[PDB]
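Protein chains in written order, with the deposited numbering: chain A, 50 to 147; chain B, 197 to 244; chain C, 3 to 265; chain D, 54 to 159.
All C-beta atoms in this analysis are idealised placements derived from N, C-alpha and C, irrespective of residue type, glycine included.
As C-alpha cells, the structure follows; a few thoughts come after it.
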Amino acid sequence: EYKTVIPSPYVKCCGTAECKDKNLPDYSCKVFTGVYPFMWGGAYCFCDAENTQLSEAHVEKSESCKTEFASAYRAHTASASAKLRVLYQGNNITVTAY
Amino acid sequence: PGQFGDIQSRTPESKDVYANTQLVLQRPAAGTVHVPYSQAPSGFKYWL
Amino acid sequence: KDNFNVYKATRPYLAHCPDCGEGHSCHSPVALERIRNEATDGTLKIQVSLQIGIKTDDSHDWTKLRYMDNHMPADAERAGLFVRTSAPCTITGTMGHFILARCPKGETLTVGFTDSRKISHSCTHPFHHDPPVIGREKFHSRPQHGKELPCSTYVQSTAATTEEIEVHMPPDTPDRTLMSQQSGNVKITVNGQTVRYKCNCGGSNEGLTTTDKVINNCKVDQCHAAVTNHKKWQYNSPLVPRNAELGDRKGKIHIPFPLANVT
Amino acid sequence: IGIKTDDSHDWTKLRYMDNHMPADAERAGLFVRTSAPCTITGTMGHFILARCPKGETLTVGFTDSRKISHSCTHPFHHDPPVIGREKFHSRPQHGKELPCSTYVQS
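Given below as C-alpha cells:
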C-alpha cells in the first residue's frame with residue numbers, strides 16, 4: 050500500500066508561485082490562480098487579486114509495508130523430500146529423507 | 197493504477213520505488229486552503 | 003511521559019472541516035487529517051488537530067486534552083472525547099494527535115469533544131469502514147471458542163520506531179477583530195502578540211507592531227492584519243498554508259501505535 | 054418549546070401539559086431519534102427542526118420535572134432523495150454545487 054504525501058500548500062497573494070520538477074517516485078505540482086483563501090479569523094492576506102496557490106504531492110511506500118505486503122516470486126525447480134514409515138523385521142521406524 | 201503492482205519495490209529495505217497512481221492535483225474550493233486531488237486507490241487493497 | 007516530550011515545542015491548530023455537525027462547514031478545533039486502516043483486525047488509527055495527553059503548561063496528563071482556542075491553546079477533559087461512525091466507537095487509547103478506536107461498520111466517521119466553555123465541537127468526514135474478512139467465515143464479534151489466524155493490529159506502544167510527522171512554524175494568522183475602528187480610524191490592537199498590518203490608505207507605515215497603533219485617515223475595510231508572534235510549531239498539514247515556498251521544519255513528532263503481527 | 058408556564062420566553066425551557074396544568078422542563082433534555090440519535094438544529098413552539106440518519110421509525114421525548122422520561126414513537130420512512138448523480142452520506146471537502154430545498158431558521 051502506498052501513502053500520498055501532501056506538504057502544506059504555499060499561498061502567494063499579489064504574485065505568482067512557482068515550482069520545479071522532482072525525482073520522486075510519482076510527483077506533481079500545480080499553480081492555481083484567482084485564489085482567495087480564508088482562515089478562521091478572516092481572509093488569508095491583504096490582497097484579493099492576482100493571487101496564486103502552489104500545491105504539490107508525491108507517492109511513497111507507507112510504513113505498514115514492513116508488515117502488510119505481497120511478494121512476487123519467480124519459480125523454477127523444486128527439491129523433493131518425504132517422511133517414510135518402514136516396518137523392518139517387526140519394527141516400525143520413521144525416517145526422513147530427501 | 198488501481199491494479200496489483202501499482203507501487204513496487206525490489207526489497208523491503210529498498211529506497212528505489214516505482215509508482216503509477218495517476219495522481220492529479222485539483223483546484224481548491226473557493227474560500228478554503230485545502231489541497232484536493234484525484235488518485236487511483238491502492239491496487240494492493242483492492243487485490244486483498 | 004518521556005515519549006510525550008516531543009509536544010513541548012508544538013501546539014494544536016485550527017483547520018477547515020466540511021461538516022461541523024450542522025450540515026455546514028466551518029473552521030474547528032476538531033479536524034481529521036488522516037484515517038489509517040492498515041490493520042486487518044478492523045482497528046482505526048485517526049489523526050486529528052487536537053493533542054491528547056498534553057496540557058497548556060506542556061505537562062503530561064492523560065485525563066486532559068489541549069485544543070486551539072482562537073490564538074491560544076486551551077485545556078479540556080479527555081472524558082468528553084468521542085469517536086463515532088454509524089454508532090459510538092470504543093477508544094482503545096490516545097496519544098498526541100493520534101486516536102485508536104474500534105468502530106462499528108459505517109459510511110462516515112466523526113470526532114469531537116466538549117471545550118472549556120461547555121460547547122460541543124465535532125468534525126465529520128466521509129469514510130467507508132468495513133473491515134476485511136479474516137478466514138472463511140463472516141462474524142460480527144469475537145467467539146469464546148474457535149481457531150486462531152494471523153492478523154495485523156496497532157499496538158498501544160508509543161515507541162513509534164521510525165514513524166514521524168513534520169512540524170514547523172505556523173503561517174501568519176489573520177484576525178479581523180484586531181483592527182478595531184475608533185474615532186474614524188484603525189487601532190490594530192496588539193493584544194499581547196506581534197501583529198503584521200497593511201492598509202490601502204497610503205500606509206507607508208505598514209509593517210509589524212508590538213503596541214497599539216492608530217492609522218490615521220483609514221477605515222477598517224481598507225486594512226488587513228495577522229498575528230506573527232508564534233513561538234510554537236504546528237503539524238505540516240495540507241490545510242495550513244506555508245510561510246514560504248520553502249519549509250521551516252524544526253521538529254519531527256513520532257507516530258505512536260505502530261502496526262504489528264498478531265493473531 | 055421556548056415558552057414557560059408563566060407565558061414568558063425562555064429558549065432553555067419547554068412547557069408541557071401535566072394532568073390539568075402546564076409545567077416547565079429543561080429544553081436540554083429534549084431529543085429526537087430514528088435509527089440513531091438525531092441532531093436538533095432549532096426549535097419553536099410545537100415545531101422542531103432536526104437532521105436525522107436513515108431509518109424506518111422516528112421518536113421524540115424529554116425528561117419530566119420528576120425526572121421521568123417521556124417518549125413517543127411513530128412509523129416513518131426516512132430516506133432523503135439523491136441530489137445529483139452520486140449517493141453520498143456526508144458533504145465533501147471538495148465538490149460541485151446543485152440546487153436543493155431546506156427549512157430556514159426564520
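Interface flag, residue i vs chain A, CB-CB below 8 Å
i, result
"B:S234", "no"
"B:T207", "no"
Residues sharing a beta bridge with residue i, DSSP
i, result
"C:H256", "C:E166"
"A:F81", "A:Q102"
"B:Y233", "B:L221"
"C:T179", "None; C:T179 has no bridge partner."
"C:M171", "C:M171 pairs with nothing; no bridge assigned."
"C:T12", "C:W235"
"D:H131", "D:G108"
"D:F84", "D:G114"
"C:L34", "C:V50"
"C:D71", "C:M74"
"C:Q184", "C:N187"
"C:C28", "C:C19"
"A:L133", "A:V144"
Residue-level contact to chain B via CB, residue i, 8 Å cutoff
i, result
"A:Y59", "no"
"C:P134", "yes"
"A:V54", "no"
"C:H18", "yes"
"C:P152", "no"
"C:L248", "no"
"A:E109", "yes"
"A:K79", "yes"
"C:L241", "yes"
Rounded C-alpha distance that separates residue i from residue j
i, j, result
"C:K189", "C:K215", "5 Å"
"residue 324 of chain C", "C:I56", "No statement about residue 324 of chain C is possible, as the shown extent of chain C runs from 3 to 265 and does not include it."
"B:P237", "C:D77", "38 Å"
"D:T155", "C:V169", "42 Å"
"C:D132", "C:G44", "8 Å"
"C:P260", "C:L52", "20 Å"
"C:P90", "C:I136", "23 Å"
"A:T101", "A:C63", "8 Å"
"C:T265", "B:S205", "27 Å"
"D:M74", "D:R119", "15 Å"
"C:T92", "C:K10", "28 Å"
"C:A227", "D:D71", "57 Å"
"residue 267 of chain C", "B:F200", "It is not possible to answer for residue 267 of chain C, since the shown part of chain C is limited to 3 through 265."
"C:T196", "A:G90", "16 Å"
"A:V54", "D:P145", "20 Å"
"C:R104", "C:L67", "20 Å"
"A:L136", "A:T145", "14 Å"
"D:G108", "D:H130", "6 Å"
"A:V60", "C:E24", "29 Å"
"D:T116", "D:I54", "13 Å"
"A:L73", "C:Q183", "50 Å"
"A:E99", "A:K115", "46 Å"
Residue i CB to nearest heavy atom of the ligand MG below 7 Å
i, result
"B:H230", "This structure lacks the ligand MG, and indeed carries no ligand of any kind."
Three-state class that DSSP yields for residue i in the structure shown
i, result
"C:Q146", "coil"
"C:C203", "coil"
"A:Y76", "strand"
"C:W64", "strand"
"A:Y147", "coil"
"C:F6", "helix"
"D:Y156", "coil"
"A:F87", "strand"
"C:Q224", "helix"
"A:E112", "helix"
"C:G55", "strand"
"A:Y122", "coil"
"A:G139", "coil"
Chain C contact for residue i (CB, 8 Å cutoff)
i, result
"D:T94", "yes"
"A:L73", "no"
"A:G83", "no"
"B:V213", "no"
"D:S143", "yes"
"A:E112", "yes"
"B:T217", "no"
"A:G90", "yes"
Any C-beta of chain D under 8 Å from that of residue i
i, result
"B:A225", "yes"
"C:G114", "no"
Report the residue ranges of all beta strand (DSSP E) runs contained in full by the stretch 91 to 129 of chain C; include only those spanning at least 3 residues, in chain order. 92 to 104 and 108 to 116
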